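# structure of the sequence below:
(10 chains, ligands or ions: 1)
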Amino acid sequence: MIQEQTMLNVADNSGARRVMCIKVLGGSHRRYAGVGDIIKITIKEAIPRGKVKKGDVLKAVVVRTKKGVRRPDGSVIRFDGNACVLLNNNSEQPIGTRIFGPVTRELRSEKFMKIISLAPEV
Amino acid sequence: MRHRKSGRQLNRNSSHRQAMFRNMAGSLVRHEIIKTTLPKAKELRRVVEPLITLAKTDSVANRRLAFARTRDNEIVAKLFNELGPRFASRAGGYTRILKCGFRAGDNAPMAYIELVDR
Amino acid sequence: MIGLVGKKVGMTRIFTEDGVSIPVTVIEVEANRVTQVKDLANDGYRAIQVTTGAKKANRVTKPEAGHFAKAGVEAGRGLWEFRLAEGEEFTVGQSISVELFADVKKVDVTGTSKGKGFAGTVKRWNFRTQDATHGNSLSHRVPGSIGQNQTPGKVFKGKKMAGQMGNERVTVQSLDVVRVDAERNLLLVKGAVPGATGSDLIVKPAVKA
Amino acid sequence: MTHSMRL
Amino acid sequence: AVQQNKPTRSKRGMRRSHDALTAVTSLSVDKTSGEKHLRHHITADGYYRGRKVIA
Amino acid sequence: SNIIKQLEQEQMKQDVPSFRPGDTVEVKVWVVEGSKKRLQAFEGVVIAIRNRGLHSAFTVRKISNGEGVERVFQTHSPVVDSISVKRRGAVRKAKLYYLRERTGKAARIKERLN
RNA sequence: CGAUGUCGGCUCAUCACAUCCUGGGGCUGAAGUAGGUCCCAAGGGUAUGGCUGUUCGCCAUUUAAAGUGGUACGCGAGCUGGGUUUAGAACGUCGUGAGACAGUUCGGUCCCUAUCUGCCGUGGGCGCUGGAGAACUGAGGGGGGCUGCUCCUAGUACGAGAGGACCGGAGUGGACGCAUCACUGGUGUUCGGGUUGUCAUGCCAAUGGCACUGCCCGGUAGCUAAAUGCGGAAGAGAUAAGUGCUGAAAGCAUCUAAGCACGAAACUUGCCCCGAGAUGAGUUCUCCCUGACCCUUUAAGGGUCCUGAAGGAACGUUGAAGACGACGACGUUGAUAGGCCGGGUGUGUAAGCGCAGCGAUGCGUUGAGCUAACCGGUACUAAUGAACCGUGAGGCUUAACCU
RNA sequence: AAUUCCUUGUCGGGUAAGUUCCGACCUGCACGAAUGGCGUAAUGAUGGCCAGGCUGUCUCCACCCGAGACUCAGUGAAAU
RNA sequence: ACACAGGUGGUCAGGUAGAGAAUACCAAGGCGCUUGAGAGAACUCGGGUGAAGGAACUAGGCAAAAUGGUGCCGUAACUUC
RNA sequence: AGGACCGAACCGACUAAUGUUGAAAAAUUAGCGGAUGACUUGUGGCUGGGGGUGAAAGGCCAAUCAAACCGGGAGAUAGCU
Ligand SMILES: CC[C@H]1OC(=O)[C@H](C)[C@@H](O[C@H]2C[C@@](C)(OC)[C@@H](O)[C@H](C)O2)[C@H](C)[C@@H](O[C@@H]2O[C@H](C)C[C@H](N(C)C)[C@H]2O)[C@](C)(O)C[C@@H](C)C(=O)[C@H](C)[C@@H](O)[C@]1(C)O
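Numbering: from 1, shown residues only, chains lettered A, B, ... in the order given. Right below this line is the structure:
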């Protein structure tokens, strides 16, 4: 249940290490975001050879939560630690080449299909 | 909002309520008939009657559970020696509630509660 | 058309073969029997009146006993009435099973919900609790300002305040029906219907197409 | 104690 | 919280009208004692439905 | 009551294997990718089982490549294909939430050999 | 001026239109897309943060939009008290000095048990013209009305390309309201276990008290949201602006003077809830009473004896009803509550005994033992026989009616 | 600047965004040398700001345990 | 002013764990605080726990949560050493 | 050794809550500061009203302090209600 001021860990190799969500997008007074949701983030820590530096502001997509998705059978998939994958702020394609850790199945639509094409497990 | 909640609070905290039901069960098994307030009598049914259900079969560990529940030795002696076989044949309903006027002092709904052999 | 009354007996869920686990509610729809048919002659409008269940003969009174012995129908607990929409009729005493609801696809439920009792405004009208600290004094969950000032000089009619919440008749519309069992006298609807288990759910075909 | 009082 | 001006004997009497204590309807006559008691309570001397339960 | 448990006795599946909490289990789930379906494996450790008849569930915990995942399963659902125990654990607590806490050598547990 | 408590924030708001979005139209220097300007329109909706005591503003980032105003610059017998505006202290400055400053800085008691109106709920009385029990009609009142994205239409009409629709169809989202725990969860001091200290049951073993439930670990039923279902309509009428058809007055022309037809989330219905105290007190069905006297102010009379029917009330067991009254179930031709039994559930292999080990401890008996509010049964206890209220056919006039 | 009106001076740092904080420059309304000037380790229930940890402060409240509130019996006020 | 949760100087001071006259539970010894009974609404007071997020609340982390003992290892700028 | 450190008694009174016709005309509860001293306290003295006392607030001087209380000038005076 990612809302504003939430710290997220990065999932890809874009060059970030630890970011902070600053706004959930889509609709007014929207409280929080689920796994298939785009959120705006700012970057708090980064590796120095990254494609993004500390203090940027750009979009991101959630990929993992501790609250977890809910499959239609009644199943729920609750990870450990929330995760995001950074997006090219206007073009919404990802930055990094690869992706660490598994993702969710419900994500699967064309831009996030480009996300899952790198992903190791589902 | 107590939808299908059972158990009466009786304006007492839970540890006092537990020790009070222990003392009342002791006096009821010893003297075989007492006079007490009506909701106290109803929850005394709800406490006492599993002890006389426990007392049907004489063993060691069941007497240790009786000593865990009521914490006295003469009470469990009188229980497992007398009220075990005296209530052998029946099933349920060992306590009997008659309501007997009101308390003169604070106007409390009073009731004689007894064991049905007497 | 004509609704059916039944007993809300718990909730469960069914499994489709594809994978969707649909949470359903089981209404024991006992077969209703009409006991009075209204018509335009005495009343100006047409309607039927049904009953179901069973009742002790000591528990009925002589008025309702005469009303049930008027036309061939045994005593049943409660009475209900349905409006018989213009092109449908019955002989008095003609029993209704749950096959007319086997024809239908979208259904709606009316029933008396659970009673939360005297509820405060946070439970009742979805208010907002005030700040629990920073100096707040004896005013955590109270509604606050209930009017303007001297220029109205009155609380308006229909102010949202605390009071009775629940034990009222309320409805759910356009529920999906999944399975209409014949021999067990059952109906299964998708999702939540009002009332605690043992309620009298009066079920109609849904008006919203 | 000023807060009520109108100065 | 303070009252504004004092009400009358009527507005006091109207509010005190609802405090009318009603009585019991009638006492039960016992079978064997003949004594009066309340319904579903024992008598003053101890009989209750013909059963001397406290003696 | 009785009618609800009759329907749920009808809908239940017959060969569920009983396992204690703490056994490493191999759970195979049907996965549907649109027009095609597949059988997909999930190996982990059960940490919590809830028996309610048809509402029976059990939550298997698997650390994948870096990260702990903890996924619940409805037992008599038609989606979960088969339940195969890999080894029989020997914990005594009924629920195992410190496996959600701990990592590594602390998160490893005993085998039963009862 | 024998007191109308100030700015700002929180909670709750309600109205106006000079309308920010959504809706309808005119013109456009409107090819399309997107705009500009003006007319109609108040049903609904209307940011989150950083700085500041701030309203305001600037910024960052959303949105369909970040409306303008009234309401004691709404709201302190609802909350706060940061600012201003008490007594302390200080800097600059002015003053010979006490002191002073729409200059600053640090610190600085927010009282009240609601009489009446109002509002939210819920009852007692009588009424409704013999009494009683149900089920409805509906005057009237109230609730709700927001909308994005994607896809089809289609890459079509349009245009040099670049870009790219009106109208209609479909799915999926947000914010809001209602309902319910079947799922995922929270709580679950009434269930089970682990454990430190200490005391007690004579002692070992086993338990119990107390230390915030001693600290923790799980957790049934309930309640609950972050969970799951649902709802904004479609249709219809009379329309606002607007566009019209025919048509004179006024040989022509013209939406209008006579007439006829379209036209908006507004109004009236359609959906939902209350609702015959709707004193205009409504309707339909069923049930229950078919005795005598006296008296005079012969009256819609007062009284006496006999009879008390339908049903209500009282009491008891009580309820996912409930502040209390109320409402719902049940009262032995009886499962209403308690208990018992079978089960379910939760906790995790009880105690005792044996065996191994010097010992803590372990293993077999053992998935044992204990299980709240759960389930299905079971008259074992507690719902007593009666007494209480309510009676005796229900006025007058006119009219039809059947004899 | 406890001093600065204009003023949220301009530049730099910190923040996604900083009228407060820190470092600067002097255009000191109206600093300035025992009505002391400028420094300063330690100290402070002292003032301003920042970060880590921790959380029901909050998004958004939910359940529970006790004490009053409510009903019954006894005594029985006050402001107005 | 009350049979008032306030104030009042000296002497003795036991057991177990403890550094201790703190604390936890006890002995001697003394009390259960001069109104009770039900019910288990809102609301307030005292507390407990909480999913995901962790100062987004706000005047301001106010209040809460958290840290807490003994020994050993190690410990920076700056300094009046 | 220390106007040294942590911390009970003791002395205080920084924060929040409850109190506001209280339990109390200044408190209680949970935290807080000092705790071998410029400390605290028991008993008995002394200083007094334009005076005392003051590590200085115009603070305290018997719940009264920019001049105590009590009696007396006094039935002050009041262009004011
Ligand atoms: C212990 C209880 C005391 O009251 C309080 O402490 C409350 C909390 C004060 O507010 C405090 C605190 C505060 C900030 O105001 C609440 C402050 O300004 C006033 C002076 O004192 C009150 C209410 C003041 O009223 C206010 O007085 C203002 C002059 C006018 C104002 N009115 C016009 C609106 C009025 O409400 C005032 C004078 O003390 C009231 C008079 C009756 C009293 O003197 C009485 C003897 C009180 O002392 C008291 C009852 O014992």
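
# and the strands in chain C?
C:4-15, C:21-28, C:32-38, C:47-52, C:77-82, C:95-96, C:106-112, C:115-119, C:163-166, C:169-179, C:187-190, C:200-205 (DSSP state E).

# any idea which of those gets closest to RNA strand J?
strand C:115-119 (21.4 Å; CB to the nearest atom of the strand). (C-beta placed from N, C-alpha, C; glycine too.)

# what comes up buried for the closest one?
Within strand C:115-119, the residues that count as buried by 16 or more other CB atoms under 10 Å in any protein chain shown are residue C:119.

# can you name every helix or strand that that strand contacts?
If you count contacts as 3 or more CB pairs under 8 Å, 6 or more residues apart in numbering or on different chains; DSSP states H and E, strand C:115-119 packs onto strand C:163-166.

# roughly how far out does the strand it packs on sit from the chain middle?
Centre-to-centre, strand C:163-166 and its host chain are 17 Å apart (CA atoms, centre = their mean, to the nearest Å).

# close to RNA strand G, is that strand?
Yes. Applying CB under 7 Å from any atom of the strand, one finds that strand C:163-166 is in contact with RNA strand G at C:163, C:164, C:165, C:166.

# restrict those to the buried ones and give me that as a PyMOL selection.
Burial among the residues of strand C:163-166 next to RNA strand G is assessed by 16+ other CB under 10 Å; the matching PyMOL selection reads:
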select buried, chain C and resi 165+166
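
# before we move on, back to that, the strands of chain C: which one's closest to residue B:61?
Proximity to residue B:61 (CB to CB) singles out strand C:4-15 among the strands of chain C, at 38.6 Å.

# just say helix, strand or coil for the residue nearest the centre of chain A.
Residue closest to the mean C-alpha point of chain A, counted by CA atoms, centre = their mean, is residue A:84 at 2.1 Å. At residue A:84 the chain is in strand, as set by DSSP: H, G, I helix; E, B strand; the rest coil.

# rewinding a little: which one of the residues of strand C:163-166 next to RNA strand G sits closest to residue C:5?
residue C:166 (21.0 Å).

# now residue A:112: phi and psi?
phi -80, psi -10 (degrees, to the nearest 10).

# leaving out the residues flanking it, which one is nearest to it?
Nearest non-adjacent residue to residue A:112, counting by CB to CB, 6 or more residues apart in numbering or on different chains: residue A:61, 6.9 Å away.

# before we move on, what about residue A:122?
residue A:105 (5.3 Å).

# thought residue C:208 was touching residue C:173?
Yes. Between residue C:208 and residue C:173 there is a contact under CB atoms under 8 Å: 5.8 Å.

# quick one, which of the two is more surrounded?
Taking neighbours as other CB atoms under 10 Å in any protein chain shown, residue C:208 and residue C:173 compare with residue C:173 leading, 13 against 7.

# how about stretch A:21-41 against chain C, any contact?
No. Using CB under 8 Å from any CB of the partner chain, we find that stretch A:21-41 stays clear of chain C, coming within 13.5 Å at best.

# that stretch close to RNA strand H?
Yes. Residues of stretch A:21-41 contacting RNA strand H under CB under 7 Å from any atom of the strand: A:22, A:23, A:31, A:32.

# what sits up against that stretch?
Residues outside stretch A:21-41 that contact it (CB atoms under 8 Å, 6 or more residues apart in numbering or on different chains): A:1-6, A:8, A:19-20, A:42, A:57-65, A:69, A:84, A:86-87, A:92, A:104, A:106-107, A:112.

# of those, which belong to strands?
Counting by DSSP E, these place A:8, A:19-20, A:42, A:57-64, A:69, A:84, A:86 in strands.

# any of those residues buried? List them.
Using 16+ other CB under 10 Å, the buried ones in these are A:8, A:19, A:58, A:59, A:60, A:61, A:62, A:63, A:64, A:69, A:84, A:86.

# hmm, which two among the residues you listed are most spread apart?
Largest pairwise distance in those, by CB to CB, is 24.3 Å, between A:58 and A:69.

# shared neighbours of residue C:208 and residue C:173, anything?
Common contacts of residue C:208 and residue C:173 (CB under 8 Å, 6+ apart): residue C:108.

# how many neighbouring residues does residue F:76 have?
Other residues near residue F:76 come to 17 when the count uses other CB under 10 Å.

# repeat that for the one 5 residues further on.
By the other CB under 10 Å criterion, the neighbourhood of residue F:81 contains 13 residues.

# and for residue E:5?
4.

# secondary structure class of it, three-state.
coil.

# how near is it to residue E:13?
Residue E:5 is 18 Å from residue E:13, where distance means CB to CB, to the nearest Å.

# what of residue F:107?
79 Å.

# these two: who's more crowded?
residue F:107 (16 against 10).

# check which helix or strand covers the closest residue to that one other than its chain neighbours.
Of all residues not flanking residue F:107 in the chain, residue F:99 sits nearest, at 5.5 Å (CB to CB, 6+ apart). Taking DSSP states H and E as the definition, residue F:99 sits inside helix F:98-101.

# okay, buried residues for that helix please.
Buried, per 16+ other CB under 10 Å, within helix F:98-101: F:99, F:100.

# same question for stretch A:64-84.
Buried, per 16+ other CB under 10 Å, within stretch A:64-84: A:64-65, A:68-69, A:71, A:73-80, A:82-84.

# tell me the residues on chain B that lie near chain C, please.
Going by CB under 8 Å from any CB, the residues of chain B near chain C are B:1, B:3.

# contact residues of chain C facing chain B?
Contacts of chain C with chain B, taken as CB under 8 Å from any CB, map to C:114, C:116, C:117, C:196.

# now, which of these sits nearest residue B:2?
Closest to residue B:2, out of all of the residues of chain C next to chain B and judged by CB to CB, is residue C:117, at 9.6 Å.

# what residues are up against that closest one?
Contacts of residue C:117 by CB under 8 Å, 6+ apart are B:1, C:164, C:165, C:166.

# ok, 7 Å please
B:1, C:165, C:166 (CB atoms under 7 Å, 6 or more residues apart in numbering or on different chains).

# could you report the neighbour count for residue C:10?
15.

# please read the previous query as pertaining to residue F:66.
That count, for residue F:66 with other CB under 10 Å as the rule, works out to 11.

# I'd say it and residue A:100 touch.
Yes. Using CB atoms under 7 Å, residue F:66 is in contact with residue A:100, at 6.1 Å.

# thinking again about what came up before, identify the farthest-apart pair in the residues of stretch A:21-41 next to RNA strand H.
A:22 and A:31, at 14.4 Å, using CB to CB across those.

# contacts only, for the nearest residue to residue C:200 once chain neighbours are set aside.
Leaving aside its sequence neighbours, residue C:200 sits nearest to residue C:5 (CB to CB, 6+ apart; 6.0 Å). In this structure, residue C:5 makes contact with C:32, C:50, C:52, C:80, C:200, C:201, C:202, judged by CB under 7 Å, 6+ apart.
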